[PDB]
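Chain and residue survey
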Amino acid sequence: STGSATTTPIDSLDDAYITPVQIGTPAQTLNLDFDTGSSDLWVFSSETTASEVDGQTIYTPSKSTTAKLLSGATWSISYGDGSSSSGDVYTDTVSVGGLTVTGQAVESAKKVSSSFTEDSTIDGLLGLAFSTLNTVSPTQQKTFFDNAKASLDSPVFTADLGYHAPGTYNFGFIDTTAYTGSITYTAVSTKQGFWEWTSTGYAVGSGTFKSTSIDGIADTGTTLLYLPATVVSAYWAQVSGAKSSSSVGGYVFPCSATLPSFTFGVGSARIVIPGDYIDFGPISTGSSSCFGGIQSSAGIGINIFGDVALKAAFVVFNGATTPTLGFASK
């Protein structure tokens, strides 16, 4: 089997991407944030505290003839941005782009933190990291990909995120028309539960490539590119007037600037992020200070190849017995 679904930016900045997902019988379609940095499929629901729902579409398990309470199971998750959610668990039929999994754990939110409530466009998350990170207790549950894997034509999914435009998540096949050149594959460590790999270096603009190992995670659920402070300083030094602002929470730059590109290495291959992809717009409405799309990871504990980086590539998440990641230009 295969599946193919379009993913759409939630706003004009590409702050996140939503993908329609069918849950239950008859189908209830919710727009989920596909997150290769986590491993829970959770949704706003008829059980979510009413004051914490503001415009999201909810899953109502009592209206699904295939929903079954997973008795005794609870979940609770905290994300790197400080947001969180928790609740109980149903199993139900879940379909993405024509690919159907029966018995998928659908984690129903009883509580969500303010940032989820405040984002009316995201109805939940669909985790695509390794199932060892799934938070369901006392019986850990498998991701949608893990459940689908054995049925797929090939044990892979691909992320093809657009810049200011829709893109595609494919399951079970590699669309050879969706990228240019060849796909360069690189090793993955699953020891932390992430799609963790080592970039071979970077360049700023037309500058020379610096060969240096950068361990980080391919994370579709993180907006920006978070890299070591040395790398990020080298980038922003090429932008007149750019500075790190403790009050704003990162590097800002004059909105009048033209940003240089940023290149990252994948083995001997190179992925070029155009300068425009690094512009996240005014820090507040009407400001002439703009927020940068490359930020320091120094406060995180891990480097994160988020959407800013991934949207410059066609990315293969290869879930073979020994997982690997593939990157191609497009």
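Residue labels here follow a simple count from 1 along each chain's written sequence instead of the entry's numbering, which may differ, and residues missing coordinates are not shown. Processing note: side-chain calculations cover all non-hydrogen atoms of the structure and skip hydrogens and water entirely. Residues with missing side-chain atoms are left out of burial classes, side-chain pairs and their counts.

- The record lists X-ray crystallography as the method behind this PDB entry and 1.08 Å as its resolution.

**Some words on the nonpolar core**
- Within this scheme, the nonpolar core is defined by two criteria: the residues are buried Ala, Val, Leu, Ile, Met, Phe, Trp, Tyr or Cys, and they are joined through side-chain atoms within 4.5 Å. For each residue, the accessible area found with a 1.4 Å probe, counting protein chains only, is set against the maximum for its type, and the residue is called buried under 20%, exposed over 50%, and partly exposed in between. Among the nonpolar cores identified, the biggest contains 73 residues, and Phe171, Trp236, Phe262, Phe264, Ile273 and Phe327 are the most heavily contacted of them.
- Here this core gets four residues from one element, more than from any other, and that element is helix α3 (residues 229-236).
- One finds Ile18, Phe44, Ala73 and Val89 within the second-largest nonpolar core, a separate group that totals 16 residues. Secondary structure counts use DSSP, requiring at least four H or I residues in a row for a helix and at least two E residues in a row for a strand, with both numbered from the N terminus.

**Quick notes on the domain arrangement of the chain**
- Segmenting the chain into domains produces domain 1 (5-174) and domain 2 (175-330).
- Each partner contributes residues to the interface: domain 1 has 30 residues there, and domain 2 has 33 residues.
- Contributions of two or more residues to the side of domain 1 that touches domain 2 are made by β3 (28-35), β9 (156-160) and β10 (167-171).
- In terms of residues, the side of domain 1 that touches domain 2 owes the most to one element, β9, which gives five residues.
- Here the residues of the side of domain 1 that touches domain 2 are counted per class, giving 18 nonpolar, six polar and six charged. Residue ranges for the domains originate in an automatic or database domain assignment. The contact definition used throughout considers only heavy atoms, calling two residues in contact when any of these lie within 4.5 Å. Following the grouping adopted for this structure description, the nonpolar residues are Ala, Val, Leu, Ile, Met, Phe, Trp, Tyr, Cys and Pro, the charged ones are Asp, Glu, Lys and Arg, and the polar ones are all others, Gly among them.

**Side note on the packing of aromatic side chains**
- Ring pairs shown here join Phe, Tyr and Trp side chains whose ring centres sit within 6.5 Å, with only the six-membered ring taken for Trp; geometry is labelled stacked below 30 degrees between planes, edge-to-face above 60, and tilted in between. If you walk through the whole model with that rule in mind, you get 25 aromatic pairs.
- When the centroid spacing of 5.6 Å and the interplanar angle of 85° are considered together, the rings of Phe144 and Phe171 count as edge-to-face. Note that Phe144 is positioned in helix α2 (residues 144-148) and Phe171 in strand β10, a separation of 27 residues in sequence. Here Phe144 and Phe171 have matching classes, each one buried.
- Seen from their ring centres, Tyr163 and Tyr277 are 4.3 Å apart, and the 15° between their planes marks the pair as stacked. Taken together, the residues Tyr163 in the loop between β9 and β10 and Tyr277 in the loop between β18 (269-273) and β19 (279-282) connect sequence positions 114 residues apart.
- When its relative accessible area of 27% is taken as the criterion, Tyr163 is described as partly exposed.
- Residue classification places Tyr277 among the buried positions, given a relative accessible area of 16%.
- By way of ring pairs, the aromatic residues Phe34, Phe130, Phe144, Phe145, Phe157, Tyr169, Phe171, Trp195 and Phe317 are connected into one cluster.

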